[PDB]
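Step one of this worksheet: look at the structure below.
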Amino acid sequence: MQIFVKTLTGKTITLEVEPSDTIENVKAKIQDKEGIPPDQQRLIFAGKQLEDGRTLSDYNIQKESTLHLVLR
Amino acid sequence: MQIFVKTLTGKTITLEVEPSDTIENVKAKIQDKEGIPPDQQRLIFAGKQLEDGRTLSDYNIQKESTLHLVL
Amino acid sequence: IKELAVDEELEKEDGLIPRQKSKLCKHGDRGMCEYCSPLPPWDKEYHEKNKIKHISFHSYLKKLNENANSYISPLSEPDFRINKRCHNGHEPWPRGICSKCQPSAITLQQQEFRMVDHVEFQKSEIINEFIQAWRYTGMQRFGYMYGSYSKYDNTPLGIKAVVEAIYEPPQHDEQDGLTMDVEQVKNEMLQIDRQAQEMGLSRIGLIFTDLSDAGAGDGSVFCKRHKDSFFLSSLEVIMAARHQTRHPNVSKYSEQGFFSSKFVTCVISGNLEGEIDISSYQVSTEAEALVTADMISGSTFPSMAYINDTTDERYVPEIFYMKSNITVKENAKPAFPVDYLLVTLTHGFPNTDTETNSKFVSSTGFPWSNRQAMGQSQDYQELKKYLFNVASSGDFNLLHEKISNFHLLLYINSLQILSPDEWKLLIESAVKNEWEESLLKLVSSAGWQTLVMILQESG
Ligand SMILES: OC[C@H]1O[C@H](O[C@H]2O[C@H](CO)[C@@H](O)[C@H](O)[C@H]2O)[C@H](O)[C@@H](O)[C@@H]1O
Ligand SMILES: OC[C@H]1O[C@H](O[C@H]2O[C@H](CO)[C@@H](O)[C@H](O)[C@H]2O)[C@H](O)[C@@H](O)[C@@H]1O
Ligand SMILES: OC[C@H]1O[C@H](O[C@H]2O[C@H](CO)[C@@H](O)[C@H](O)[C@H]2O)[C@H](O)[C@@H](O)[C@@H]1O
Ligand SMILES: OC[C@H]1O[C@H](O[C@H]2O[C@H](CO)[C@@H](O)[C@H](O)[C@H]2O)[C@H](O)[C@@H](O)[C@@H]1O
Ligand SMILES: OC[C@H]1O[C@H](O[C@H]2O[C@H](CO)[C@@H](O)[C@H](O)[C@H]2O)[C@H](O)[C@@H](O)[C@@H]1O
Ligand SMILES: OC[C@H]1O[C@H](O[C@H]2O[C@H](CO)[C@@H](O)[C@H](O)[C@H]2O)[C@H](O)[C@@H](O)[C@@H]1O
Ligand SMILES: OC[C@H]1O[C@H](O[C@H]2O[C@H](CO)[C@@H](O)[C@H](O)[C@H]2O)[C@H](O)[C@@H](O)[C@@H]1O
Ligand SMILES: OC[C@H]1O[C@H](O[C@H]2O[C@H](CO)[C@@H](O)[C@H](O)[C@H]2O)[C@H](O)[C@@H](O)[C@@H]1O
Ligand SMILES: [Zn+2]
Ligand SMILES: [Zn+2]
């Protein structure tokens, strides 16, 4: 599927992920292309703070959903 | 009639239900279109936790009402 | 047809300035005379002596009405645009041209009056919390000011903008500077305007930072804006003109029903002493009209507006400006100091002695919107940390203090858990002078208890 992540630079980047993907995997997928290390990324989805262990399908993150990137 | 179910992610799904429907029945009606198993679903209406035994009319859930879904 | 309350009230006032009794008065307590009769509210000399740099709008309005003495509306906004529907023995512009449709030569001048005289920030914590975004990130920031207009008594018939909160739209401080005139900003602000109207608040101005740490380890900053550089740049002046045009001031006394704007522009930057200070401005009606006609641009120099070319789209006549050495008339082309388009306002905070009338009890404690780059997200965790404990406790004074918060309110409303009636109830519980009864109704309400339920299990 395709999911959007909204970064600290104003940018909204599209991401290619699968429902079984872990959130740690998505943080890496942001790191390589946006240069932000997975430990600096705090991911939020519509007021729910995500955890590296669970997956996108555990949080009902369907296609064309939008995650928010928060600093720390 | 028609009732709204609103998750914490903002998304609001519509449901076709009767006043006589059980809350277990409404949890099935959420699963089929959103794939979410009823054991993970906790439905909230008016500051009260809904119960699988009761019905929508026990809680006076009228038309165009909005339940909130918490995981 | 429907003016703001402050305009209806100042209209009824005469604004007369009393004068000292004179040794030359030779009436007793019987009437007045040429030496002791009061000054009219626009008295140029009274304003000079007291260092008031512009007369107020309603002082100006009353000056125009004495000079009118059948009806002709005394106020009309300038329009410099070529008349394009001219089919007077020639094709319309750009095919044909004649004296009826082309604009005459323009002469720009410092505006003698200002729509708003003073900017009062209801609490200095409002300013400090806004500045935190620059302190944490190093990026300059801008926000829109919400509040209302009311009387200001340090100048005849004066008006002040009373600021109750600041809202920051999404922004990044990059290769284009601050970006306010963009679709994303405009569409979010429409939503905020609507919700803050339900709180009895108008969008009354713009504030933005131009802050550079001075390297002295005392919090001081460089002085970049001053009489020998620039106050607002050309691009900032152009932006104020668009804002003012989009926030028109309603006036019975104008043929169109509108005249200029009460929207104010504030910049936070260093003063000549190196302190972080506020400078407040509006632009002239000539600047509004120039920008409507698309006649000026930013130039290489911040203090200089560039005058644009005649094209097949817009016609640009000669433009002059009245420069003061005493004055003289200069050709404004190719560029002219954008100074002549400004009016300057004062600013302040209410004195801490007396009771407050601020709509909101607190301006901090809950994350403002659009501060993710600052490590401030609006979360169910953050709302629970802020609210849940205090809500369960059943302490009404403490619950009142916590919900009396502009950004907290907007965030809760965005969750769309409370009904429109319950949202009105939360608003009343936050801003009302007599809030107890509303807070009770709210806390027992259904939507509210759902919200407290959601936070409880949100954890
Ligand atoms: O006896 C006090 C009354 O006048 C007050 O206002 C003073 O200043 C005004 C400025 O225009 C004058 O027109 C007015 O005559 C002055 O007295 C005020 O209006 C009230 O306290 C009283 O009517
Ligand atoms: O940096 C804030 C300083 O002022 C505060 O005191 C008052 O400041 C304003 C009046 O100048 C009021 O609007 C504000 O609400 C007050 O808090 C603060 O208390 C001081 O400690 C600071 O030096
Ligand atoms: O300037 C960065 C600091 O911001 C906070 O500290 C300020 O704001 C507090 C709440 O208004 C005040 O109590 C304090 O006096 C201010 O300095 C933050 O808590 C600090 O950790 C930051 O370094
Ligand atoms: O001059 C017009 C009105 O000014 C005051 O009201 C404004 O300022 C208050 C300060 O918080 C706000 O509460 C109010 O919402 C504003 O409209 C004055 O109190 C009014 O009587 C005047 O009509
Ligand atoms: O691609 C141009 C972008 O810049 C705009 O910013 C302002 O400054 C420009 C250069 O100094 C001016 O020419 C322009 O008129 C100003 O608006 C703007 O922020 C972006 O949306 C434009 O794409
Ligand atoms: O606040 C300082 C900024 O002023 C300009 O940007 C504003 O005005 C432009 C038109 O003149 C708009 O396009 C822009 O969206 C506004 O934010 C300037 O271009 C910025 O670089 C300055 O930082
Ligand atoms: O704490 C008093 C209020 O004003 C403060 O001004 C401070 O600004 C910086 C804090 O990060 C420092 O330069 C120093 O503590 C003061 O100059 C503070 O910013 C505000 O948050 C307070 O409301
Ligand atoms: O009420 C009379 C004046 O109140 C304000 O000014 C006082 O309170 C401010 C807050 O500290 C001080 O900064 C100021 O120096 C005090 O004189 C208001 O800003 C003024 O316009 C009023 O005349
Ligand atoms: Zn006399
Ligand atoms: Zn013509």
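The values are calculated or read from the model by the stated rules, or taken from the named source; none is laboratory data. Here the Cβ positions follow ideal geometry from the backbone for every residue, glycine too, while neighbour counts run over all protein chains shown.
Would you check if there is a residue in segment A:52-60 being farther than 26 Å from B:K33 by Cβ and in contact with a helix residue (DSSP H, G or I) (Cβ under 9 Å, 6 or more places away or on another chain)? Scanning segment A:52-60, I find at least one residue that is farther than 26 Å from B:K33 by Cβ and in contact with a helix residue (DSSP H, G or I) (Cβ under 9 Å, 6 or more places away or on another chain), so the answer is yes. Filtering segment C:95-149 to residues that are of a type in the set (K, R) and either away from ligand 4 (no atom under 16 Å from the Cβ) or not assigned by TED's automatic domain parsing to the domain that holds C:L342 (or both) leaves C:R95, C:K100, C:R114, C:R135, C:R141. Would you confirm whether or not segment C:193-206 contains a residue that is more than 14 Å from ligand 4 (Cβ to nearest atom), within 30 Å of C:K49 (Cβ to Cβ) and crowded, with 17+ Cβ neighbours inside 10 Å? Yes, segment C:193-206 contains at least one residue that is more than 14 Å from ligand 4 (Cβ to nearest atom), within 30 Å of C:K49 (Cβ to Cβ) and crowded, with 17+ Cβ neighbours inside 10 Å.
Under the condition of being among the β-branched types (V, I, T) and within 9 Å of the chain's Cα centre (by Cα), the residues counted in segment A:1-41 number 5.
All conditions but one from (1) more than 16 Å from ligand 7 (Cβ to nearest atom); (2) assigned to a loop (DSSP other than H, G, I, E, B) apply to C:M139; the one that does not is (1).
Only residues that are at positive phi and surrounded by fewer than 22 Cβ atoms within 10 Å (Cβ to Cβ): list them for segment C:119-158, please. Passing the criteria: only C:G138.
Quickly run through segment B:1-18 and pick out the residues that are assigned to a loop (DSSP other than H, G, I, E, B), away from chain C (no Cβ under 14 Å) and in contact with a strand residue (DSSP E or B) (Cβ under 7 Å, 6 or more places away or on another chain). Hit for segment B:1-18 is B:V17, nothing else. Could you grab me the full set of residues in segment C:444-459 that are under 24 Å from C:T364 (Cβ atoms) and within 36 Å of the chain's Cα centre (by Cα)? If the condition is that a residue be under 24 Å from C:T364 (Cβ atoms) and within 36 Å of the chain's Cα centre (by Cα), then C:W448, C:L451 are the ones that fit.
Restricting attention to segment A:34-50, the residues being over 22 Å from A:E64 (Cβ atoms) and surrounded by fewer than 17 Cβ atoms within 10 Å (Cβ to Cβ) number 5.
Which of the residues belonging to segment C:342-399 are polar (S, T, N, Q) and not in a loop (DSSP other than H, G, I, E, B)? Within segment C:342-399, C:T344, C:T346, C:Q372, C:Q376, C:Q381, C:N389, C:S392, C:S393, C:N397 meet the criteria. Return yes when C:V162 is within 15 Å of the chain's Cα centre (by Cα), within 20 Å of C:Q140 (Cβ to Cβ) and more than 14 Å from every other protein chain (Cβ to nearest Cβ) and no when it is not. No; evaluated as a whole, the condition is false for this residue. Considering (1) assigned to a loop (DSSP other than H, G, I, E, B); (2) hydrophobic (A, V, I, L, M, F, W, C); (3) away from chain C (no Cβ under 14 Å), the lone condition that B:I30 does not fulfil carries the number (1).
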